């Protein structure tokens, strides 16, 4: 019966509507429909096995919506209604900006992948601040109930001082967030990924952390850094070193890839931008695995990239992720994928002898 509307969405509704609508229009409609609560509430009730305690919070389940789906904080409540254990909004830039010219998003259905080059289209900090303020106390209760909120920060295209952009984000949205993400891994703003370099990252994160530490206790979020899947071994070593040196609270692993893996079939494979979905999956999992080992398992990781099944989620958890996110799978399978991942993950945890998600975190490293 759950499998179910899964089949209807996956085999008929989503393919048909994707046939009618370009991906950007489709995404806007999805955000709209989700924000209005037009989707029926998720039948799957989260078992205690799926609960995770990390980043100073309880997470009712470990499956979140990745940044980029709700860039401007318009659909947070509808996303919880869809069954996500946590919601991340953004990336948000300090000033509003339009992003790159169209077209800028492409489906690769034969690869179960997407390529995007949005370039941080953002309503800006002020608009998002007011949107989150309008439901701040509702979010306080949701968080207390095991449904935390993350806010992902970006920087403006024309900004001279990257660190000041991130600092402003901490000041404006830090007080409304359970965790903040310093997104230094978008492939679609020139020079951004260079902020992952050791010296630049250290300077940037020192400032971010100083700003965060200046917030009142009740409004003091955890700070995570979101990294690329395309880093050298040296880059990864350096990130791990800075993270430990500064006491960064966690990592989001990974953003989209600028690589184009051998075997892509989609007609649009050579479009510029970040690739997401299935071709990113194991590249992301391996990056999680490496970051977990480099941080001695002491630094919480949110694993993201190509998750569309319980198996995909559990592989990332066993590689070292405390939580996972998805986006691209939602675009192909629709809302039922959320319950699907959770049900399959629970079943696999039981089959592999885990008491719950927490027991599985980093399990591959202890074999």
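For clarity, a rigid core is taken as the largest C-alpha set superposing within 1.5 Å between two forms. Numbering follows the first chain given and starts at 1.
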Compare 197-205 with 119-127 and report which one shows the larger root mean square C-alpha deviation from this form in 8 other deposited structures of this protein once the rigid core is superposed. 197-205
Which of 40-48 and 322-330 lies farther, on average, from the shown form in 8 other deposited structures of this protein once the rigid core is superposed (C-alpha RMS)? 40-48
Per the PDB record, is the mean Cα temperature factor higher over 176-184 or over 194-202? 194-202
With reference to the PDB entry, specify whether the mean Cα temperature factor is higher for 278-286 or for 138-146. 138-146
Please work out which residue in 56, 303, 306, 64 has the highest C-alpha B-factor recorded for this crystal structure. 56
Whose CA atom has the top B-factor in the entry, of 322, 311, 325, 331? 331
Would you mind checking where the Cα B-factor of residue 316 ranks among the modelled residues of its chain, as the lowest, middle or highest third? lowest
Third of the chain's Cα B-factor distribution that residue 68 belongs to, per the entry: lowest
Taking the chain's C-alpha temperature factors as the reference, tell me which third residue 227 falls into: lowest, middle or highest. lowest
Ranked by Cα temperature factor within the chain, is residue 158 in the lowest third, the middle third or the highest third? highest
State the tercile, meaning the lowest, middle or highest third, of residue 100 with respect to the CA B-factors recorded for its chain. highest
